[PDB]
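Below, chains carry the letters A, B, ... as their sequence lines are ordered, and counting in each starts from 1. These numbers come from the heavy atoms of this one structure, side chains and all, not from hydrogens, waters or symmetry mates.
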Amino acid sequence: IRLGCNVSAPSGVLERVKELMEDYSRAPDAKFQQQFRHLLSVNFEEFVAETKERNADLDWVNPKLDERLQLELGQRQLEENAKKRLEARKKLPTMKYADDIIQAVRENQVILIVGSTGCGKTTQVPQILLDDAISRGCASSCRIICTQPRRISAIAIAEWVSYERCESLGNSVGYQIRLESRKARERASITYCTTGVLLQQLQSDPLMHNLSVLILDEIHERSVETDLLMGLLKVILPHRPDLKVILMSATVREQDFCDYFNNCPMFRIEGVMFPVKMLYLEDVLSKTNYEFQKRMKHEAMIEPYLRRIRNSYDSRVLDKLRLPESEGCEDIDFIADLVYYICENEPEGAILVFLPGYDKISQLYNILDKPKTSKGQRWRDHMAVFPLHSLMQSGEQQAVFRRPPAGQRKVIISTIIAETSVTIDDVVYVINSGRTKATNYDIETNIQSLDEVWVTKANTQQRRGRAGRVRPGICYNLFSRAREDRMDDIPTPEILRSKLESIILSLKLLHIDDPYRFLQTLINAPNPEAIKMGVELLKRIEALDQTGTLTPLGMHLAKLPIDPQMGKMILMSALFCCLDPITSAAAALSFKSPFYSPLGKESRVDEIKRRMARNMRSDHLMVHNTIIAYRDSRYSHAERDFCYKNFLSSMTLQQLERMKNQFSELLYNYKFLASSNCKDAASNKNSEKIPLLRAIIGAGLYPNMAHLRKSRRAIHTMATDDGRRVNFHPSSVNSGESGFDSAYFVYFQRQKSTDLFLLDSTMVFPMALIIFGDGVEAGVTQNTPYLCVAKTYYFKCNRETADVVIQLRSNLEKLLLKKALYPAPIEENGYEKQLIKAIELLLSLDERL
DNA sequence: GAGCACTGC
């Protein structure tokens with residue numbers, strides 16, 4: 001055991017802390033406690049009966065509305081606005097199958113519709129079912145929900161379908177995503193939403209009584225949400241005979257979902273796309289004749305294949321396939337040369353280059369922008385080159401979508417973001433490197449890593465279609481067919497990649513209390529060891545008790561749309577009156593940083609982050625300072641100038657503001673706050689006390705702790721609490737800095753790439769970790785009295801301070817349990833405030849002097 | 001000294 005710095009507090013402070021604790025100890029309506037007791041006392045059969053009675057609205061129909069919309073449909077089908085657009089819709093393959101889909105839905109609870117791009121299933125199926133219900137005089141019984149994986153798709157599809165019906169958004173078609181909606185009319189309507197919106201609405205309507213038809217789209221992508229939804233339908237559907245479900249998939253292991261729901265009926269609907277010829281590395285080199293130079297394994301892969309194709313290609317072409325760097329993106333000049341090849345030959349059209357990540361995008365951009373080869377210098381001024389990455393601004397401007405100036409060919413250098421998330425319509429040419437990056441978690445070492453990997457066959461098939469939107473395209477794959485043969489069908493289903501705390505907790509509000517039993521019923525069952533890791537984390541933050549039963553705190557956290565650790569932090573910031581900085585930190589961790597990282601500007605970005613961090617040694621407080629400065633720029637009508645100078649996305653900043661406001665409104669509704677405004681002065685009295693903000697941030701990121709031992713940019717010797725050496729990620733505001741006031745840090749995420757990095761950190765003080773943490777005990781190790789935290793970090797502490805801190809923790813636990821069971825704002829002059837004051841006083845001792 | 005991509009009444 002190694003003893004750390006002395007945490008003893010002065011007698012004058014100890015005296016006041018004990019006065020404040022004893023004032024707190026002299027303390028003597030709750031509808032939340034009755035709801036929590038009721039949830040725990042009902043079995044699943046009762047839960048089902050009670051939710052039926054509470055969501056009965058769809059038991060009510062409106063015969064005059066039914067008659068009126070039937071009449072209006074028949075009439076307006078003779079108007080000349082529709083009946084053009086109806087003849088155009090009938091060109092969509094899905095409309096050929098309308099009557100068979102109507103009949104199959106009528107005869108089956110679940111059907112599956114399988115189709116590729118252009119088939120029209122997403123826009124036409126909801127309309128077919130809606131117009132049939134209206135035609136049959138059933139209109140007001142029809143409420144159709146169609147889930148989408150992505151926000152932008154929910155909006156765009158809803159707007160398109162609304163236009164096809166000659167309606168403004170909000171009549172028969174609507175959309176709902178998080179914090180934005182254009183709601184359709186209540187009945188005889190189609191709503192497009194993100195899958196997560198529907199999952200959240202299950203808390204109020206767990207058996208889905210409030211819709212007649214559920215359409216799950218893009219299930220072949222195997223997001224957590226749709227995988228979970230399908231598992232929940234196995235619980236729900238036996239209790240909902242009248243509910244209809246239409247599953248929708250691209251043709252990517254479509255049979256999995258058919259098998260998963262008994263053997264349900266499956267429609268295969270043909271696509272509409274222009275042909276895209278597929279070339280592989282052998283064909284590419286046979287065209288360009290590019291010459292390379294500056295385990296194997298690989299040799300066992302390529303040599304049998306070179307035998308099979310020996311007569312179809314020149315031997316010098318085949319011989320290049322034996323070079324391991326011929327495949328993938330390992331040689332960027334090879335890729336640049338293929339770009340030049342397409343620029344010289346082939347018809348006009350844009351080039352879309354799929355590369356794994358930021359680093360290789362930067363390399364290809366620099367080669368094309370500042371070429372060393374004469375062939376490149378000829379082409380430099382004839383290309384319009386756009387790097388595309390989730391951290392770069394290019395996707396948030398218009399230029400990459402519009403056609404380039406005449407005589408210039410657009411070249412887009414992209415990550416997987418342009419596979420689905422981002423769409424460029426004038427692309428005729430795709431260079432598919434076959435490489436992406438993936439995050440991998442190793443259960444046994446508890447290490448998350450980011451590794452360059454081969455893409456899957458489904459990825460290659462998706463990238464190929466990206467060349468066929470306008471005219472016949474070409475897809476150049478930078479690997480051999482032998483490499484393709486070795487690729488997996490699909491990416492690992494993301495639920496096998498996921499941390500499970502939030503899911504397990506949310507299931508409790510649906511009365512699925514045994515997560516081992518339910519998650520085993522998914523299409524791919526997560527590792528039971530990851531479920532246990534999820535349950536143990538939830539017991540550690542006391543969202544579950546030691547029996548695994550939901551606590552009052554756990555119920556509150558399940559009702560916030562954020563990971564429970566950060567939900568806890570937000571709730572603590574309400575009690576400790578730091579709401580605004582803490583919701584900023586939580587929202588940035590839950591969503592993302594507002595900072596861009598544009599090509600070549602990375603040291604400039606580092607300097608901006610430094611200035612926003614204001615020497616507070618926290619990436620989390622840095623984000624909040626950014627938000628404070630962003631508000632000032634709006635108040636100054638300097639918003640654009642501010643975002644430009646500081647490399648900030650105003651779109652991300654505005655979304656972070658919306659999320660902070662959602663957290664504030666929910667806490668207000670749950671009676672933890674007197675005001676719903678996250679800036680409200682009452683909720684923020686402590687928001688400029690930095691040691692208090694470090695304490696609350698620590699309370700949320702605990703137990704992820706690190707300890708720095710080191711001197712010198714500076715070199716760092718630092719280890720997380722598990723003993724593994726780490727460094728701050730270079731993008732972090734603590735990388736390379738020296739002179740930390742404290743050697744301790746908390747962090748949200750640790751990740752291995754070239755080193756084991758902390759991607760974000762806040763410098764913290766021991767006494768804060770001790771007050772809000774666990775594994776706390778006082779004792780004597782050598783002859784020195786100590787106080788420890790997590791049974792890991794042992795601090796010199798005298799008896800007087802130890803006994804007061806241990807007593808403080810007991811009262812804090814008592815206060816937290818009571819606020820969770822009986823939510824109410826902490827009154828300024830009351831008993832509970834005196835315990836808050838005791839803690840503020842102890843934490844203020846670490847203020848920067 | 002480095003950052004695949006989604007998302008929440």
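In this structure, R150(A) reaches the sugar-phosphate backbone alone: every heavy-atom distance under 4.0 Å involves primed, P, OP1 or OP2 atoms, never a base. If you check every strand for non-hydrogen atoms under 4.0 Å, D205(A) touches nothing. The residue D606(A) sits close to a base: some heavy atom pair falls under 4.0 Å. Base engagement by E602(A) is indicated by at least one non-hydrogen atom pair under 4.0 Å involving a base atom. Contacts of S502(A) with the nucleic acid, taken as non-hydrogen atoms under 4.0 Å apart, include base atoms. Heavy atoms of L198(A) sit nowhere under 4.0 angstrom from any nucleic acid atom. Across all strands shown, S753(A) has heavy atoms under 4.0 Å from sugar-phosphate atoms exclusively, and none from any base. Among the atoms of the strands shown, only primed sugar atoms or phosphate atoms (P, OP1, OP2) are found under 4.0 Å from some heavy atom of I417(A).
In this structure, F748(A) has its ring center at least 6.0 angstrom away from the ring center of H620(A). You'll find the ring centres of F672(A) and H556(A) inside the 6.0 Å limit.
The shortest distance between the side-chain N/O atoms of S421(A) and the OP1/OP2 oxygens of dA5(B) is not below 4.0 Å. One finds no side-chain N or O of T195(A) lying less than 4.0 angstrom from the OP1 or OP2 phosphate oxygen of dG8(B). OP1 or OP2 of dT7(B) has not a single side-chain nitrogen or oxygen of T194(A) nearer than 4.0 Å. Look at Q751(A) and you won't find any side-chain N or O under 4.0 angstrom from OP1 or OP2 of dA2(B). At the phosphate of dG8(B), neither OP1 nor OP2 sits under 4.0 Å from any side-chain N or O atom of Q200(A). The side chain of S390(A) places no N or O atom within less than 4.0 Å of a non-bridging phosphate oxygen (OP1 or OP2) of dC4(B).
DNA chain B is contacted by both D563(A) and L759(A); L759(A) maps to the nucleotide lying nearer its 5′ end (nearest heavy atom per residue). If you find the closest nucleotide of DNA chain B to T439(A) and to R151(A), the one lying nearer the 5' end belongs to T439(A).
We find that CG of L199(A) is positioned 19 Å from P of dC6(B), with the value rounded to whole Å. What separates CG of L229(A) from P of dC9(B) is a distance of 14 Å, to the nearest Å. If you take CG of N734(A) and P of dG1(B), they are 16 Å apart, rounded to a whole angstrom. Whole-Å rounding puts the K360(A) NZ to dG3(B) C1' distance at 16 Å. Remark: P of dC9(B) and CD1 of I145(A) are 14 Å apart, rounded to the nearest angstrom. For the pair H220(A) NE2 and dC6(B) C1', the interatomic distance rounds to 13 Å; values are reported in whole Å. Atoms CD1 (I152(A)) and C1' (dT7(B)) sit 12 Å apart, rounded to a whole Å. If you measure from atom CD of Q203(A) to atom P of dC9(B), you get 8 Å, rounded to the nearest angstrom.
Among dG3(B), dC6(B), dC9(B), the nucleotide with an atom closest to any side-chain atom of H729(A) is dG3(B). Of the candidates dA2(B), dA5(B), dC4(B), the closest approach to any side-chain atom of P730(A) belongs to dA2(B).
Side-chain to base pairing of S204(A) with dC9(B): one donor and one acceptor N or O lie within less than 3.5 Å of each other.
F728(A) pairs with exactly one of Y747(A), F745(A), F757(A) by the ring-ring contact (aromatic ring centres under 6.0 Å, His included) rule, that one being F745(A).
Here the CG atom belonging to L211(A) is positioned 12.0 Å from the SG atom belonging to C146(A), to the nearest 0.5 angstrom.
A cation-pi arrangement, defined by a distance under 6.0 Å to the six-membered ring centre and an angle within 45 degrees of its axis, is present between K499(A) and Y441(A). Note that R617(A) lies in the cation-pi zone of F740(A), set by a 6.0 Å cut-off to the ring centre and a 45° limit from the axis. Seen from the ring of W454(A), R435(A) counts as a face-on cation partner, given the 6.0 Å and 45° thresholds.
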